[PDB]
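Raw work-v1.cif, mmCIF, C-alpha atoms:
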```
data_input
loop_
_atom_site.group_PDB
_atom_site.id
_atom_site.type_symbol
_atom_site.label_atom_id
_atom_site.label_comp_id
_atom_site.auth_asym_id
_atom_site.auth_seq_id
_atom_site.Cartn_x
_atom_site.Cartn_y
_atom_site.Cartn_z
ATOM 1 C CA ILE A 3 10.612 -29.262 2.988
ATOM 2 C CA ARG A 4 8.151 -26.349 3.139
ATOM 3 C CA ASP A 5 10.180 -23.527 1.550
ATOM 4 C CA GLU A 6 9.247 -20.780 -0.922
ATOM 5 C CA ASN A 7 8.980 -23.252 -3.818
ATOM 6 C CA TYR A 8 6.988 -26.011 -2.078
ATOM 7 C CA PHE A 9 3.441 -24.646 -2.319
ATOM 8 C CA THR A 10 4.391 -22.602 -5.384
ATOM 9 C CA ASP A 11 5.214 -25.738 -7.406
ATOM 10 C CA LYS A 12 2.844 -28.250 -5.776
ATOM 11 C CA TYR A 13 -0.278 -26.115 -6.063
ATOM 12 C CA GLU A 14 0.519 -23.737 -8.925
ATOM 13 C CA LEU A 15 0.600 -20.590 -6.802
ATOM 14 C CA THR A 16 2.493 -17.332 -7.214
ATOM 15 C CA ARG A 17 5.839 -17.601 -5.361
ATOM 16 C CA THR A 18 6.012 -16.455 -1.716
ATOM 17 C CA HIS A 19 6.471 -12.656 -1.686
ATOM 18 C CA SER A 20 10.111 -11.589 -1.385
ATOM 19 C CA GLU A 21 9.363 -9.236 1.514
ATOM 20 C CA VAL A 22 7.719 -12.005 3.514
ATOM 21 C CA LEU A 23 10.830 -14.153 2.994
ATOM 22 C CA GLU A 24 12.895 -11.240 4.271
ATOM 23 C CA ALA A 25 10.501 -10.539 7.140
ATOM 24 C CA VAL A 26 10.732 -14.023 8.698
ATOM 25 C CA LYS A 27 14.437 -13.309 9.235
ATOM 26 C CA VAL A 28 13.482 -10.893 12.026
ATOM 27 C CA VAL A 29 9.882 -11.691 12.919
ATOM 28 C CA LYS A 30 9.771 -14.891 15.012
ATOM 29 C CA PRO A 31 6.873 -17.338 14.640
ATOM 30 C CA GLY A 32 3.763 -15.997 16.361
ATOM 31 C CA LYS A 33 0.096 -15.081 15.923
ATOM 32 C CA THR A 34 -0.345 -13.700 12.448
ATOM 33 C CA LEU A 35 -2.887 -11.896 10.285
ATOM 34 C CA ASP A 36 -2.534 -12.103 6.493
ATOM 35 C CA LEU A 37 -4.877 -9.281 5.490
ATOM 36 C CA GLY A 38 -5.869 -10.043 1.900
ATOM 37 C CA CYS A 39 -4.065 -13.381 1.605
ATOM 38 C CA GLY A 40 -4.941 -13.602 -2.090
ATOM 39 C CA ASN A 41 -4.188 -17.150 -3.214
ATOM 40 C CA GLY A 42 -2.678 -17.974 0.217
ATOM 41 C CA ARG A 43 0.982 -18.229 -0.867
ATOM 42 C CA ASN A 44 2.169 -16.212 2.133
ATOM 43 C CA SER A 45 -0.363 -17.722 4.553
ATOM 44 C CA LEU A 46 0.624 -21.267 3.545
ATOM 45 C CA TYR A 47 4.357 -20.516 3.741
ATOM 46 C CA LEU A 48 3.919 -19.033 7.216
ATOM 47 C CA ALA A 49 1.576 -21.638 8.656
ATOM 48 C CA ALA A 50 4.001 -24.307 7.419
ATOM 49 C CA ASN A 51 6.840 -22.640 9.283
ATOM 50 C CA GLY A 52 5.319 -22.316 12.748
ATOM 51 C CA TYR A 53 3.192 -19.160 12.502
ATOM 52 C CA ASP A 54 -0.414 -19.210 13.734
ATOM 53 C CA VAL A 55 -2.138 -17.596 10.743
ATOM 54 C CA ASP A 56 -5.501 -15.961 10.158
ATOM 55 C CA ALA A 57 -5.865 -15.791 6.368
ATOM 56 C CA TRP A 58 -8.549 -13.415 5.061
ATOM 57 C CA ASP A 59 -9.586 -12.462 1.514
ATOM 58 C CA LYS A 60 -12.690 -11.340 -0.381
ATOM 59 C CA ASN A 61 -12.459 -14.069 -2.983
ATOM 60 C CA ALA A 62 -14.444 -17.114 -1.807
ATOM 61 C CA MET A 63 -12.811 -19.417 -4.413
ATOM 62 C CA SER A 64 -9.238 -18.670 -3.286
ATOM 63 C CA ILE A 65 -10.323 -19.155 0.349
ATOM 64 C CA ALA A 66 -11.918 -22.502 -0.607
ATOM 65 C CA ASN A 67 -8.655 -23.420 -2.381
ATOM 66 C CA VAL A 68 -6.669 -22.507 0.691
ATOM 67 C CA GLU A 69 -9.048 -24.581 2.844
ATOM 68 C CA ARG A 70 -8.607 -27.512 0.459
ATOM 69 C CA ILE A 71 -4.811 -27.284 0.596
ATOM 70 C CA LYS A 72 -5.020 -26.847 4.375
ATOM 71 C CA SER A 73 -6.760 -30.233 4.699
ATOM 72 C CA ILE A 74 -4.222 -32.034 2.517
ATOM 73 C CA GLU A 75 -1.194 -30.535 4.313
ATOM 74 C CA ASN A 76 -2.786 -30.910 7.771
ATOM 75 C CA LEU A 77 -2.014 -27.293 8.654
ATOM 76 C CA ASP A 78 -4.075 -27.077 11.843
ATOM 77 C CA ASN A 79 -2.710 -23.569 12.554
ATOM 78 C CA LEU A 80 -4.128 -21.881 9.458
ATOM 79 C CA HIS A 81 -7.620 -20.380 9.704
ATOM 80 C CA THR A 82 -9.450 -18.711 6.843
ATOM 81 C CA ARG A 83 -12.189 -16.105 6.479
ATOM 82 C CA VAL A 84 -13.894 -14.544 3.488
ATOM 83 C CA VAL A 85 -14.055 -10.782 4.050
ATOM 84 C CA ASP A 86 -14.604 -7.486 2.231
ATOM 85 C CA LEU A 87 -11.633 -5.265 3.102
ATOM 86 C CA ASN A 88 -13.523 -2.112 2.075
ATOM 87 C CA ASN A 89 -16.133 -3.022 4.701
ATOM 88 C CA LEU A 90 -14.119 -4.480 7.532
ATOM 89 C CA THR A 91 -13.529 -3.869 11.193
ATOM 90 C CA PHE A 92 -11.819 -6.468 13.384
ATOM 91 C CA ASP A 93 -10.654 -7.172 16.910
ATOM 92 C CA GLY A 94 -7.654 -9.175 18.055
ATOM 93 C CA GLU A 95 -4.011 -9.154 19.110
ATOM 94 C CA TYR A 96 -1.360 -10.204 16.584
ATOM 95 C CA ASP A 97 2.413 -10.430 16.667
ATOM 96 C CA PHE A 98 2.480 -9.949 12.920
ATOM 97 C CA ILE A 99 0.106 -8.428 10.366
ATOM 98 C CA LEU A 100 0.995 -8.383 6.677
ATOM 99 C CA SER A 101 -0.589 -6.821 3.650
ATOM 100 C CA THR A 102 1.400 -7.341 0.470
ATOM 101 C CA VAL A 103 0.160 -5.688 -2.751
ATOM 102 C CA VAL A 104 -3.397 -5.440 -1.432
ATOM 103 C CA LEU A 105 -4.081 -1.848 -0.386
ATOM 104 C CA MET A 106 -3.795 -0.320 -3.876
ATOM 105 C CA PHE A 107 -6.955 -2.202 -4.834
ATOM 106 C CA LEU A 108 -9.053 -0.697 -2.039
ATOM 107 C CA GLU A 109 -11.084 2.528 -2.091
ATOM 108 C CA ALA A 110 -9.034 5.492 -0.870
ATOM 109 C CA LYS A 111 -11.633 6.234 1.850
ATOM 110 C CA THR A 112 -10.919 2.743 3.270
ATOM 111 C CA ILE A 113 -7.235 3.216 4.034
ATOM 112 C CA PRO A 114 -7.079 5.465 7.133
ATOM 113 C CA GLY A 115 -9.441 3.298 9.201
ATOM 114 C CA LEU A 116 -7.998 0.024 7.939
ATOM 115 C CA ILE A 117 -4.459 1.047 8.865
ATOM 116 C CA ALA A 118 -5.689 2.298 12.272
ATOM 117 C CA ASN A 119 -7.338 -1.105 12.842
ATOM 118 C CA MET A 120 -4.138 -2.958 11.849
ATOM 119 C CA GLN A 121 -2.254 -0.831 14.387
ATOM 120 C CA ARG A 122 -4.510 -1.236 17.430
ATOM 121 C CA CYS A 123 -4.645 -4.973 16.803
ATOM 122 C CA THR A 124 -0.867 -5.303 16.872
ATOM 123 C CA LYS A 125 0.784 -6.279 20.175
ATOM 124 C CA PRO A 126 3.473 -3.977 21.575
ATOM 125 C CA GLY A 127 6.685 -5.306 20.052
ATOM 126 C CA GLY A 128 4.589 -6.644 17.157
ATOM 127 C CA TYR A 129 5.242 -5.977 13.458
ATOM 128 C CA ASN A 130 3.334 -4.710 10.442
ATOM 129 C CA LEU A 131 4.527 -5.493 6.914
ATOM 130 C CA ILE A 132 3.107 -3.406 4.086
ATOM 131 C CA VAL A 133 3.905 -3.362 0.361
ATOM 132 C CA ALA A 134 1.835 -1.112 -1.942
ATOM 133 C CA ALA A 135 2.021 0.982 -5.125
ATOM 134 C CA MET A 136 2.721 4.736 -4.964
ATOM 135 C CA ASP A 137 1.750 7.902 -6.828
ATOM 136 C CA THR A 138 4.594 10.422 -6.751
ATOM 137 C CA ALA A 139 5.595 13.522 -8.728
ATOM 138 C CA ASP A 140 8.426 11.696 -10.546
ATOM 139 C CA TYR A 141 6.308 8.539 -11.055
ATOM 140 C CA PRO A 142 2.639 9.472 -11.207
ATOM 141 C CA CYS A 143 0.366 6.415 -11.014
ATOM 142 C CA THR A 144 -0.208 5.362 -14.629
ATOM 143 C CA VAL A 145 -2.144 2.187 -13.770
ATOM 144 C CA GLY A 146 -5.212 3.766 -12.188
ATOM 145 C CA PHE A 147 -5.224 1.836 -8.906
ATOM 146 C CA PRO A 148 -8.169 3.046 -6.831
ATOM 147 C CA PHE A 149 -5.513 3.746 -4.178
ATOM 148 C CA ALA A 150 -1.785 4.559 -4.045
ATOM 149 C CA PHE A 151 0.513 6.026 -1.362
ATOM 150 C CA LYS A 152 2.014 9.500 -1.724
ATOM 151 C CA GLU A 153 5.615 10.269 -0.807
ATOM 152 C CA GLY A 154 6.227 9.790 2.924
ATOM 153 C CA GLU A 155 2.566 8.923 3.478
ATOM 154 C CA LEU A 156 3.035 5.356 4.757
ATOM 155 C CA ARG A 157 5.952 6.470 6.960
ATOM 156 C CA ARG A 158 3.700 9.094 8.561
ATOM 157 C CA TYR A 159 0.875 6.615 9.077
ATOM 158 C CA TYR A 160 3.362 4.729 11.274
ATOM 159 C CA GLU A 161 4.746 7.639 13.303
ATOM 160 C CA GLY A 162 5.739 6.154 16.673
ATOM 161 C CA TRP A 163 6.657 2.744 15.233
ATOM 162 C CA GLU A 164 10.244 1.669 14.557
ATOM 163 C CA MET A 165 11.033 1.641 10.838
ATOM 164 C CA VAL A 166 12.983 -1.605 10.649
ATOM 165 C CA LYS A 167 12.767 -1.471 6.865
ATOM 166 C CA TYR A 168 11.287 1.366 4.787
ATOM 167 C CA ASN A 169 11.753 2.444 1.232
ATOM 168 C CA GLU A 170 9.916 4.085 -1.634
ATOM 169 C CA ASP A 171 12.189 2.575 -4.277
ATOM 170 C CA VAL A 172 11.479 2.513 -8.030
ATOM 171 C CA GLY A 173 10.219 -0.921 -9.050
ATOM 172 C CA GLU A 174 8.445 -2.253 -12.079
ATOM 173 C CA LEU A 175 5.539 -4.177 -13.448
ATOM 174 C CA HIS A 176 7.100 -6.712 -15.778
ATOM 175 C CA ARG A 177 6.231 -9.733 -17.891
ATOM 176 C CA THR A 178 8.185 -12.931 -18.561
ATOM 177 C CA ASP A 179 7.266 -12.602 -22.242
ATOM 178 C CA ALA A 180 9.599 -11.521 -25.075
ATOM 179 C CA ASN A 181 7.533 -8.553 -26.258
ATOM 180 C CA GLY A 182 6.385 -7.457 -22.820
ATOM 181 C CA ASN A 183 6.933 -3.827 -21.868
ATOM 182 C CA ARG A 184 8.132 -2.839 -18.386
ATOM 183 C CA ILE A 185 6.288 -0.147 -16.416
ATOM 184 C CA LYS A 186 8.370 1.714 -13.850
ATOM 185 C CA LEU A 187 6.651 2.991 -10.733
ATOM 186 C CA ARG A 188 7.431 3.462 -7.025
ATOM 187 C CA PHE A 189 6.327 1.014 -4.331
ATOM 188 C CA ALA A 190 6.202 1.740 -0.620
ATOM 189 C CA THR A 191 7.674 -1.167 1.348
ATOM 190 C CA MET A 192 7.682 -1.122 5.145
ATOM 191 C CA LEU A 193 8.540 -3.443 7.998
ATOM 192 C CA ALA A 194 7.463 -1.549 11.122
ATOM 193 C CA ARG A 195 7.728 -2.623 14.753
ATOM 194 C CA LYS A 196 5.309 -1.314 17.376
ATOM 195 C CA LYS A 197 6.658 0.236 20.579
#
```

Can the structure from this file be put into structure tokens for me?
Amino acid sequence: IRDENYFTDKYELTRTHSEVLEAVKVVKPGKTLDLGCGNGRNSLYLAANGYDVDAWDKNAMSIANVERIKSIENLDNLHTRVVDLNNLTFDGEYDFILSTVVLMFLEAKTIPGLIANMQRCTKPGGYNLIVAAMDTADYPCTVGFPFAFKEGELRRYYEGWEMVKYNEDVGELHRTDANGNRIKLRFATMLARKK
């Protein structure tokens, strides 16, 4: 059974993102863009559960790995591209576009146009899922991500969409090791539906 441990265990990948697992409880299978699929964990999970997925990332090796796994699992509905997100414009119509812990790694000048692109390429009634680090007065960014959302910023980006889920909750960077310190910081987490 293709659940959130299947690809994780079989192919040594980071576990399917929690927010994606939550999101498939409301977003029905449909045409999907995984913008910055990383190692493909989310793209694989989704393609294996009925979604028609376009998986894009800048890392050619990860994309080759995803292609390899695609062939073994016979996932005919998973299509990959190698792409530079800081230099990207795209056309299309998707029911679902996700971007989980990707944006903070992009140049700040990239964000406004990338988000605008995500939005015009979403079908009415479609969804966008975004998870990204923040930089706020009570938790200034201590990591030095080239980009981080300010308070209310992501919300405002999506004025006119329905906020199905939205929070700027305090999270943490943690390690599974004994002497591993935990860094608190805010993350912006949004499931938005387009009107």

*Can you give me, as number ranges by chain, the residues this file yields under the PyMOL selection byres ((chain A and resi 126-129) around 6)?*
A: 97-98, 124-125, 130, 194-197

*Pull out every residue that the PyMOL selection byres ((chain A and resi 16-26) around 6) matches in the shown coordinates and put them as a list in words.*
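Checked against the file, the PyMOL selection byres ((chain A and resi 16-26) around 6) matches residues 6, 10, 15, 27, 28, 29, 43 and 44 of chain A.
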
*Provide the atom CA of residue 116 of chain A to atom CA of residue 9 of chain A distance in Å, to one decimal place.*
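Separation between atom CA of residue 116 of chain A and atom CA of residue 9 of chain A: 29.1 Å.
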
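Using only C-alpha atoms, the shortest contact distance between residue 147 of chain A and any of A:14, A:54, A:109, A:179 is found at A:109.
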
Write out as a PDB file with C-alpha atoms, keeping the file's coordinate frame the residues lying within 12 Å of segment 149-161 of chain A, counting all atoms listed in the file and excluding same-chain residues fewer than 6 positions away.
```pdb
ATOM      1  CA  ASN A  88     -13.523  -2.112   2.075  1.00  0.00           C
ATOM      2  CA  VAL A 103       0.160  -5.688  -2.751  1.00  0.00           C
ATOM      3  CA  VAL A 104      -3.397  -5.440  -1.432  1.00  0.00           C
ATOM      4  CA  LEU A 105      -4.081  -1.848  -0.386  1.00  0.00           C
ATOM      5  CA  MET A 106      -3.795  -0.320  -3.876  1.00  0.00           C
ATOM      6  CA  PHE A 107      -6.955  -2.202  -4.834  1.00  0.00           C
ATOM      7  CA  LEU A 108      -9.053  -0.697  -2.039  1.00  0.00           C
ATOM      8  CA  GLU A 109     -11.084   2.528  -2.091  1.00  0.00           C
ATOM      9  CA  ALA A 110      -9.034   5.492  -0.870  1.00  0.00           C
ATOM     10  CA  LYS A 111     -11.633   6.234   1.850  1.00  0.00           C
ATOM     11  CA  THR A 112     -10.919   2.743   3.270  1.00  0.00           C
ATOM     12  CA  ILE A 113      -7.235   3.216   4.034  1.00  0.00           C
ATOM     13  CA  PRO A 114      -7.079   5.465   7.133  1.00  0.00           C
ATOM     14  CA  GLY A 115      -9.441   3.298   9.201  1.00  0.00           C
ATOM     15  CA  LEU A 116      -7.998   0.024   7.939  1.00  0.00           C
ATOM     16  CA  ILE A 117      -4.459   1.047   8.865  1.00  0.00           C
ATOM     17  CA  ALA A 118      -5.689   2.298  12.272  1.00  0.00           C
ATOM     18  CA  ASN A 119      -7.338  -1.105  12.842  1.00  0.00           C
ATOM     19  CA  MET A 120      -4.138  -2.958  11.849  1.00  0.00           C
ATOM     20  CA  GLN A 121      -2.254  -0.831  14.387  1.00  0.00           C
ATOM     21  CA  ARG A 122      -4.510  -1.236  17.430  1.00  0.00           C
ATOM     22  CA  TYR A 129       5.242  -5.977  13.458  1.00  0.00           C
ATOM     23  CA  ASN A 130       3.334  -4.710  10.442  1.00  0.00           C
ATOM     24  CA  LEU A 131       4.527  -5.493   6.914  1.00  0.00           C
ATOM     25  CA  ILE A 132       3.107  -3.406   4.086  1.00  0.00           C
ATOM     26  CA  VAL A 133       3.905  -3.362   0.361  1.00  0.00           C
ATOM     27  CA  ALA A 134       1.835  -1.112  -1.942  1.00  0.00           C
ATOM     28  CA  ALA A 135       2.021   0.982  -5.125  1.00  0.00           C
ATOM     29  CA  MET A 136       2.721   4.736  -4.964  1.00  0.00           C
ATOM     30  CA  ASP A 137       1.750   7.902  -6.828  1.00  0.00           C
ATOM     31  CA  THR A 138       4.594  10.422  -6.751  1.00  0.00           C
ATOM     32  CA  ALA A 139       5.595  13.522  -8.728  1.00  0.00           C
ATOM     33  CA  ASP A 140       8.426  11.696 -10.546  1.00  0.00           C
ATOM     34  CA  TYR A 141       6.308   8.539 -11.055  1.00  0.00           C
ATOM     35  CA  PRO A 142       2.639   9.472 -11.207  1.00  0.00           C
ATOM     36  CA  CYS A 143       0.366   6.415 -11.014  1.00  0.00           C
ATOM     37  CA  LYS A 167      12.767  -1.471   6.865  1.00  0.00           C
ATOM     38  CA  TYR A 168      11.287   1.366   4.787  1.00  0.00           C
ATOM     39  CA  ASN A 169      11.753   2.444   1.232  1.00  0.00           C
ATOM     40  CA  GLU A 170       9.916   4.085  -1.634  1.00  0.00           C
ATOM     41  CA  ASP A 171      12.189   2.575  -4.277  1.00  0.00           C
ATOM     42  CA  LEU A 187       6.651   2.991 -10.733  1.00  0.00           C
ATOM     43  CA  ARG A 188       7.431   3.462  -7.025  1.00  0.00           C
ATOM     44  CA  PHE A 189       6.327   1.014  -4.331  1.00  0.00           C
ATOM     45  CA  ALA A 190       6.202   1.740  -0.620  1.00  0.00           C
ATOM     46  CA  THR A 191       7.674  -1.167   1.348  1.00  0.00           C
ATOM     47  CA  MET A 192       7.682  -1.122   5.145  1.00  0.00           C
ATOM     48  CA  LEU A 193       8.540  -3.443   7.998  1.00  0.00           C
ATOM     49  CA  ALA A 194       7.463  -1.549  11.122  1.00  0.00           C
ATOM     50  CA  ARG A 195       7.728  -2.623  14.753  1.00  0.00           C
ATOM     51  CA  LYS A 196       5.309  -1.314  17.376  1.00  0.00           C
ATOM     52  CA  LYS A 197       6.658   0.236  20.579  1.00  0.00           C
TER      53      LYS A 197
END
```

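Taken over the whole file, the PyMOL selection byres ((chain A and resi 34) around 8) covers exactly residues 32, 33, 35, 36, 53, 54, 55, 56, 96, 97, 98, 99 and 100 of chain A.
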
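Straight-line separation from atom CA of residue 180 of chain A to atom CA of residue 40 of chain A: 27.3 Å.
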
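Atom to atom, atom CA of residue 64 of chain A and atom CA of residue 175 of chain A stand 23.1 Å apart.
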
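Considering the residues A:91, A:13, A:86, A:37 and counting all atoms listed in the file, residue 68 of chain A has its shortest atom-to-atom contact with A:13.
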
How big is the axis-aligned box, and where does its centre sit, when it encloses all atoms of segment 177-193 of chain A listed in the file and has 4 Å added on every side, reported in Å to one decimal as JSON?
```
{"center_x": 7.9, "center_y": -4.7, "center_z": -9.1, "size_x": 11.4, "size_y": 24.4, "size_z": 42.3}
```

*Could you check which of A:87, A:172, A:46, A:3 is closest to residue 69 of chain A, using only C-alpha atoms?*
A:46

*Minimum-distance residue to residue 78 of chain A, chosen among A:185, A:50, A:66, A:123 (using all atoms listed in the file)*: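 The closest residue to residue 78 of chain A is A:50.
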